[PDB]
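In what follows, a single structure is set out as structure tokens and then discussed.
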Amino acid sequence: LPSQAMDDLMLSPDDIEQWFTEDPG
Amino acid sequence: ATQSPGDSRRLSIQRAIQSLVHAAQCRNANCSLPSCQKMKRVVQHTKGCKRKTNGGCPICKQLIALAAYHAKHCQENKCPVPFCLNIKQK
């Protein structure tokens with residue numbers, strides 16, 4: 001499945017990335 | 001170079017999405033990737049929230065962003081992600 005694509009699509013990634021992987025230990 | 005605004009921007013949203021997608025698709029609230037939990041919970045924060053976009057809680061927003069702008073490219077109508085197979089209703 002095309003999950004990956006250029007960041008031209010997507011707006012500021014800033015949030016979900018932290019939700020993807022922040023460091024909670 | 002691969003992507004210079006972001007191979008790191010992209011790859012980071014790509015992961016955001018892959019996590020998100022996974023988190024969408026993964027239905028194990030005790031998957032313990034709590035970071036999977038989390039993304040999932042983010043989807044799930046988002047949807048149990050309606051202030052997501054309406055108010056301005058952009059987890060969902062950057063998740064709608066994430067999900068939709070994802071959606072926009074994952075041609076699928078059926079399994080995991082928030083606005084993915086709901087934006088993807090054509």
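By order in the structure tokens, chains are A, B, ...; within a chain, residues start at 1; ligands start at 1, following the order shown.
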
Check: Near residue 10 of chain A, within 7 Å and counting only C-alpha atoms, which residues show up once chain neighbours fewer than 2 positions away are dropped, as a list in words?
Finding: residues 7, 8 and 12 of chain A; 65, 66, 69 and 70 of chain B

Take the residues from that selection and put them in a file with N, CA, C and O atoms, as a PDB file, in the first residue's frame.
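Wrote out_39.pdb, looks like this:
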ATOM      1  N   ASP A   7       6.294  14.975   1.226  1.00  0.00           N
ATOM      2  CA  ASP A   7       5.723  15.858   2.264  1.00  0.00           C
ATOM      3  C   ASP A   7       5.041  17.085   1.665  1.00  0.00           C
ATOM      4  O   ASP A   7       4.710  18.035   2.357  1.00  0.00           O
ATOM      5  N   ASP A   8       4.821  17.022   0.382  1.00  0.00           N
ATOM      6  CA  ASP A   8       4.129  18.059  -0.362  1.00  0.00           C
ATOM      7  C   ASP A   8       2.646  17.928  -0.136  1.00  0.00           C
ATOM      8  O   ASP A   8       1.897  18.909  -0.126  1.00  0.00           O
ATOM      9  N   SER A  12       2.206  20.177   8.098  1.00  0.00           N
ATOM     10  CA  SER A  12       3.161  20.022   9.200  1.00  0.00           C
ATOM     11  C   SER A  12       3.007  18.665   9.907  1.00  0.00           C
ATOM     12  O   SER A  12       2.009  18.400  10.583  1.00  0.00           O
TER      13      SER A  12
ATOM     14  N   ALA B  65      -4.511  15.791   8.407  1.00  0.00           N
ATOM     15  CA  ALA B  65      -3.496  16.157   7.519  1.00  0.00           C
ATOM     16  C   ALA B  65      -2.711  14.923   7.132  1.00  0.00           C
ATOM     17  O   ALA B  65      -2.679  14.521   5.992  1.00  0.00           O
ATOM     18  N   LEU B  66      -2.164  14.315   8.120  1.00  0.00           N
ATOM     19  CA  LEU B  66      -1.426  13.129   8.015  1.00  0.00           C
ATOM     20  C   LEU B  66      -2.196  12.000   7.247  1.00  0.00           C
ATOM     21  O   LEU B  66      -1.747  11.531   6.211  1.00  0.00           O
ATOM     22  N   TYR B  69      -3.834  13.495   3.610  1.00  0.00           N
ATOM     23  CA  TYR B  69      -2.832  13.681   2.651  1.00  0.00           C
ATOM     24  C   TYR B  69      -2.148  12.341   2.378  1.00  0.00           C
ATOM     25  O   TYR B  69      -1.514  12.123   1.331  1.00  0.00           O
ATOM     26  N   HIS B  70      -2.290  11.454   3.336  1.00  0.00           N
ATOM     27  CA  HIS B  70      -1.926  10.027   3.149  1.00  0.00           C
ATOM     28  C   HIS B  70      -2.890   9.391   2.186  1.00  0.00           C
ATOM     29  O   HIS B  70      -2.497   8.753   1.238  1.00  0.00           O
TER      30      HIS B  70
END

Give me, as CSV, the closest atom pair and its distance (Å, one decimal) for every residue of chain B within a cut-off of 10 Å of chain A, counting only C-alpha atoms, rows sorted by chain and rising number.
residue,atom,partner,partner_atom,distance
B:3,CA,A:6,CA,8.2
B:5,CA,A:7,CA,8.3
B:6,CA,A:7,CA,7.3
B:7,CA,A:6,CA,8.3
B:8,CA,A:7,CA,9.5
B:9,CA,A:7,CA,6.4
B:10,CA,A:7,CA,4.7
B:11,CA,A:4,CA,7.7
B:12,CA,A:17,CA,6.3
B:13,CA,A:13,CA,5.2
B:14,CA,A:4,CA,4.8
B:15,CA,A:17,CA,6.8
B:16,CA,A:17,CA,4.6
B:17,CA,A:3,CA,6.5
B:18,CA,A:3,CA,6.2
B:19,CA,A:20,CA,5.3
B:20,CA,A:20,CA,7.0
B:21,CA,A:3,CA,7.6
B:22,CA,A:20,CA,9.8
B:23,CA,A:20,CA,8.8
B:33,CA,A:21,CA,9.4
B:34,CA,A:24,CA,8.6
B:35,CA,A:21,CA,5.5
B:36,CA,A:20,CA,6.4
B:37,CA,A:19,CA,8.7
B:38,CA,A:19,CA,5.6
B:39,CA,A:19,CA,5.0
B:40,CA,A:19,CA,8.6
B:41,CA,A:19,CA,8.6
B:42,CA,A:19,CA,7.1
B:43,CA,A:16,CA,9.4
B:58,CA,A:15,CA,7.7
B:59,CA,A:15,CA,5.9
B:60,CA,A:16,CA,8.6
B:61,CA,A:15,CA,9.0
B:62,CA,A:15,CA,6.3
B:63,CA,A:16,CA,6.3
B:64,CA,A:10,CA,9.1
B:65,CA,A:10,CA,5.6
B:66,CA,A:10,CA,5.6
B:67,CA,A:10,CA,8.3
B:68,CA,A:10,CA,7.7
B:69,CA,A:10,CA,4.8
B:70,CA,A:3,CA,6.4
B:71,CA,A:3,CA,8.2
B:72,CA,A:9,CA,7.9
B:73,CA,A:2,CA,6.3
B:74,CA,A:2,CA,4.7
B:75,CA,A:2,CA,7.4
B:76,CA,A:1,CA,8.2

Note to self: Going by DSSP on the backbone, which residues of chain B come out as alpha helix (DSSP H)? List them as a PyMOL selection string.
What the structure shows: chain B and resi 7-25+34-48+51+60-71
